$ cat entry32.cif   # mmCIF, C-alpha atoms; chains and numbers go by the auth columns
data_structure
loop_
_atom_site.group_PDB
_atom_site.id
_atom_site.type_symbol
_atom_site.label_atom_id
_atom_site.label_comp_id
_atom_site.label_asym_id
_atom_site.label_seq_id
_atom_site.Cartn_x
_atom_site.Cartn_y
_atom_site.Cartn_z
_atom_site.B_iso_or_equiv
_atom_site.auth_seq_id
_atom_site.auth_asym_id
ATOM 1 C CA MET A 1 72.981 -86.487 -135.093 0.00 1 A
ATOM 2 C CA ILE A 2 72.377 -89.945 -136.554 0.00 2 A
ATOM 3 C CA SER A 3 70.009 -90.454 -139.487 0.00 3 A
ATOM 4 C CA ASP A 4 66.492 -91.890 -139.295 0.00 4 A
ATOM 5 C CA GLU A 5 67.494 -95.263 -140.741 0.00 5 A
ATOM 6 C CA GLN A 6 70.336 -95.580 -138.232 0.00 6 A
ATOM 7 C CA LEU A 7 68.101 -94.550 -135.332 0.00 7 A
ATOM 8 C CA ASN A 8 65.288 -96.950 -136.223 0.00 8 A
ATOM 9 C CA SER A 9 67.717 -99.800 -136.888 0.00 9 A
ATOM 10 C CA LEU A 10 69.458 -99.243 -133.552 0.00 10 A
ATOM 11 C CA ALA A 11 66.071 -99.084 -131.831 0.00 11 A
ATOM 12 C CA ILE A 12 64.817 -102.425 -133.144 0.00 12 A
ATOM 13 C CA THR A 13 68.273 -103.923 -132.615 0.00 13 A
ATOM 14 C CA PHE A 14 68.642 -102.946 -128.957 0.00 14 A
ATOM 15 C CA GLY A 15 64.992 -103.781 -128.357 0.00 15 A
ATOM 16 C CA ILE A 16 65.076 -107.279 -129.827 0.00 16 A
ATOM 17 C CA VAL A 17 68.503 -108.169 -128.438 0.00 17 A
ATOM 18 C CA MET A 18 67.579 -106.855 -124.991 0.00 18 A
ATOM 19 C CA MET A 19 64.303 -108.789 -125.019 0.00 19 A
ATOM 20 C CA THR A 20 66.116 -112.025 -125.857 0.00 20 A
ATOM 21 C CA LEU A 21 68.714 -111.472 -123.135 0.00 21 A
ATOM 22 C CA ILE A 22 65.942 -110.843 -120.609 0.00 22 A
ATOM 23 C CA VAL A 23 64.047 -113.968 -121.660 0.00 23 A
ATOM 24 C CA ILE A 24 67.203 -116.087 -121.704 0.00 24 A
ATOM 25 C CA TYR A 25 68.533 -114.771 -118.394 0.00 25 A
ATOM 26 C CA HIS A 26 65.109 -114.964 -116.749 0.00 26 A
ATOM 27 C CA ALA A 27 64.405 -118.427 -118.155 0.00 27 A
ATOM 28 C CA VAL A 28 67.765 -119.873 -117.111 0.00 28 A
ATOM 29 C CA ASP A 29 67.658 -118.075 -113.761 0.00 29 A
ATOM 30 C CA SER A 30 64.083 -119.185 -113.082 0.00 30 A
ATOM 31 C CA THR A 31 64.824 -122.771 -114.108 0.00 31 A
ATOM 32 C CA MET A 32 68.123 -122.855 -112.219 0.00 32 A
ATOM 33 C CA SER A 33 66.659 -121.295 -109.074 0.00 33 A
ATOM 34 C CA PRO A 34 63.353 -119.925 -107.715 0.00 34 A
ATOM 35 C CA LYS A 35 62.322 -116.267 -107.555 0.00 35 A
ATOM 36 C CA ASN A 36 63.792 -114.460 -104.548 0.00 36 A
ATOM 37 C CA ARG A 37 61.021 -111.859 -104.685 0.00 37 A
ATOM 38 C CA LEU A 38 57.619 -112.341 -106.321 0.00 38 A
ATOM 39 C CA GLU A 39 56.665 -110.077 -109.224 0.00 39 A
#
$ encode --input "entry32.cif" --output "C-alpha coordinates"
Amino acid sequence: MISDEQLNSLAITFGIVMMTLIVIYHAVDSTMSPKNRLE
(Lines of atoms letter the chains of each structure in order from A and count residues from 1; the text may use other names and numbers.)
(Lines give C-alpha, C1' and ligand atoms only; values in the text may rest on other atoms or scores of the structure.)
Protein backbone atom coordinates (compact mmCIF):
# COMPACT_ATOMS: atom_id res chain seq x y z
CA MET A 1 0.00 0.00 0.00
CA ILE A 2 2.90 2.33 0.79
CA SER A 3 4.73 4.20 -1.98
CA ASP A 4 8.15 3.33 -3.38
CA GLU A 5 9.92 6.18 -1.58
CA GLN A 6 8.37 5.15 1.74
CA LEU A 7 9.24 1.48 1.18
CA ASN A 8 12.86 2.15 0.22
CA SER A 9 13.31 4.64 3.06
CA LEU A 10 11.89 2.18 5.60
CA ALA A 11 14.12 -0.55 4.17
CA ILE A 12 17.38 1.38 4.54
CA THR A 13 16.20 2.70 7.91
CA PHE A 14 15.40 -0.67 9.47
CA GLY A 15 18.49 -2.17 7.86
CA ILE A 16 20.96 0.43 9.11
CA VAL A 17 19.39 0.78 12.56
CA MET A 18 19.20 -3.00 12.98
CA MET A 19 22.82 -3.41 11.90
CA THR A 20 23.97 -0.85 14.47
CA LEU A 21 21.95 -2.47 17.25
CA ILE A 22 23.46 -5.85 16.37
CA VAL A 23 26.99 -4.46 16.34
CA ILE A 24 26.45 -2.52 19.57
CA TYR A 25 24.74 -5.38 21.39
CA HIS A 26 27.25 -7.93 20.10
CA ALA A 27 30.23 -5.68 20.85
CA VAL A 28 29.10 -4.85 24.39
CA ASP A 29 27.99 -8.44 25.03
CA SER A 30 31.24 -9.87 23.65
CA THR A 31 33.36 -7.39 25.62
CA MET A 32 31.30 -7.82 28.79
CA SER A 33 31.27 -11.61 28.56
CA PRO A 34 32.53 -14.46 26.33
CA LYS A 35 30.51 -16.32 23.70
CA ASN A 36 28.33 -19.05 25.19
CA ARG A 37 28.25 -20.88 21.85
CA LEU A 38 30.80 -20.50 19.06
CA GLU A 39 29.63 -19.19 15.69
$ axis_aligned_box --input "entry32.cif" --around "stretch 10-25 of chain A" --padding-each-side "3 Å" --output "AutoDock Vina command-line options"
--center_x 66.8 --center_y -107.6 --center_z -126.0 --size_x 11.4 --size_y 23.0 --size_z 21.2
$ atom_distance --input "entry32.cif" --atom1 "atom CA of residue A:9" --atom2 "atom CA of residue A:28"
28.2 Å
$ atom_distance --input "entry32.cif" --atom1 "atom CA of residue A:12" --atom2 "atom CA of residue A:35"
29.2 Å
